[PDB]
Structures are given as C-alpha cells and as structure tokens.
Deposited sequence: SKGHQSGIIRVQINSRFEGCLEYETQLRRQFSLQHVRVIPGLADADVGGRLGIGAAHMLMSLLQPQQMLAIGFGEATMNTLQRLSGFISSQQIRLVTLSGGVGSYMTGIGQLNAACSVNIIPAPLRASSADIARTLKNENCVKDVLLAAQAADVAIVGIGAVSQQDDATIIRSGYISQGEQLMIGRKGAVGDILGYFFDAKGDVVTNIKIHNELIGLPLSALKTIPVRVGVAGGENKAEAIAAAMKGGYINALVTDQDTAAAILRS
C-alpha cells in the first residue's frame, strides 16, 4: 500500500528506470523475490545478466534460476573472487551459461591487479561483463562496519575500512567505494587492486539494478543512485523512507 508511493517518489527523485519497494518486516529473502521478479520482466530470451556478489544478489539468483534456464539467460561475473559467487551459482542447472572471471577479487598490489587484468582469460570475461544487457549488484555501507559482507569475507581489513570511512566513503559496489554525493573516492588503494570492472565501465550496461536494504544502507544506496551506478532499485519500505529523507 505505502509501497507504490515510495516507488513513485524514488523513481522521480533519482531519475530511475524501475523501482520496487517491498513491505517492511524476513527482509533479505523478500528482497531476492522482489529483485528476481523485476529481472523476470526486464530480461528477454538469451540476454546476458552480469552479477555481483553478496547475500542479496545470491538470493536473487536462487529465485531466478528457473527463469535463467527456460529463457536461456547467460550469466557473467562482474568481479573476481569465484568462491563468493558459488552459493548463487550452485542453485542453477549445469546447462546454464556462466562466465566467471578467473581471478581473485583483490590482488596484493596494483601492479599484480594490472597484470591479472591483462591476462587473456581474464580480459575476455571483463569485456563480456561490460557488454551485458542487465546487471544486478548489492550495495555495501561503511556504516555496517564489521557486519559488511566485504569485511566478513576478508576482502578489506578493519583498519582499511576505518581509513576508507575517514576519507569520506559511504558505501561500495564490488569494492569500489564512493562518497555521499556518489563520487568514487580517489585516494583509496584498494581500487587499483580490484580485478573486476570499474564502476565507470559498469555504466555501459543499460539497466543496472541494485538490491539492498536495512536503514543502515540508506545513505549508501542514495549515493549509489546519485553516482549513476544503478538506475533501478529493489529495497524495503523502511530503507526507502530513510533514503527519501537523506
């Protein structure tokens, strides 16, 4: 009931292409339903879907697995890491096309990241990802602190997250952190250590869906939309309220 109005206002405040706002209070399971449903009406047969990692995207992929088979959707990873995509990929049948960047999410140095990005088998998948028809990503917030997936998964340290925060970052997509206005934070070393597509290349993809909730993400989700990284959103009612007031 209050969902339609919040959709409308989100669509107009952030110039979005599509929005779904789910009734408030479990939330992550219900976000995956909402995002799977949006993706079912967006994707045409044999189209390509680029995927990010995290709980909300993995949930979504589970609810979409039957659509993916019967419409022959091709999947491609937006980042390295492999293992982080397996909970969502394991829920598909084995005739599904899945193209996986064969590298770590983050290299121990920027030189090594650049080396890896130039290996043929990595470079091939980076291009495929950038060419996708639709993308589905999660959004992390600095305000989650130890509960953020990117920290639980060991990809950045606590000291890094404190400094990322100090430097004015509010949230991230695929390890790429941006400030409250949506601008990528430029003096953060991790950015040049990530193997996957940068957020500037992600914007090649014409429909880019963020799925994310919890009031603690509101600032990050707003900023993601202000930066243009996502042009469609799936979120929950309380978060929507919080974004609109942010």
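Note: segments 1 to 17, 43 to 45 of the deposited sequence have no C-alpha coordinates in the structure.
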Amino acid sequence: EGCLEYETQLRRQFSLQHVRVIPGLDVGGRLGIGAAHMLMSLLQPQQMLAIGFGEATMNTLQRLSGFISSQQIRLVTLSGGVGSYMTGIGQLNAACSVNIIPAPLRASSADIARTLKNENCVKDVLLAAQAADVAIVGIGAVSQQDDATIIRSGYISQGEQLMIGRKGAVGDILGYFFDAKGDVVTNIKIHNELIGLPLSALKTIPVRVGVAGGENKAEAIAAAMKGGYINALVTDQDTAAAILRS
From here on, numbers count along this sequence of modelled residues.
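For clarity, a rigid core is taken as the largest C-alpha set superposing within 1.5 Å between two forms.
Taking the root mean square of CA deviations in 5 other deposited structures of this protein after fitting on the rigid core, 67 to 75 and 88 to 96 differ, and the farther of the two is 88 to 96. When the other structures are laid on the shown form by the rigid core, the stretch among 79 to 87 and 133 to 141 with the greater C-alpha deviation in 5 other deposited structures of this protein turns out to be 79 to 87.
Modelled in this chain, residue 152 is nonetheless unresolved in at least one third of the other entries of the protein that span it on both sides.
Checked against the record, the higher mean CA B factor of 200 to 208 and 63 to 71 lies with 63 to 71. The PDB entry reports B-factors from which the mean C-alpha value can be compared for 111 to 119 and 129 to 137; the larger average falls on 111 to 119. Based on the entry's C-alpha B-factors, the most elevated value among 188, 56, 195, 36 belongs to 188. By the numbers in the PDB entry, the CA B factor is greatest at 88 among 159, 175, 88, 80. When all modelled residues of the chain are sorted by CA temperature factor, residue 213 is found within the middle third. Placement of the Cα temperature factor of residue 149 within the chain: middle third of the modelled residues, per the deposited record. Residue 9: CA B factor lies in the middle third for its chain, per the PDB record. Remark: residue 169 belongs to the middle third of its chain, ranked by C-alpha B-factor as recorded.
The entry lists a Cα temperature factor for residue 142 that places it in the middle third of the chain's modelled residues.
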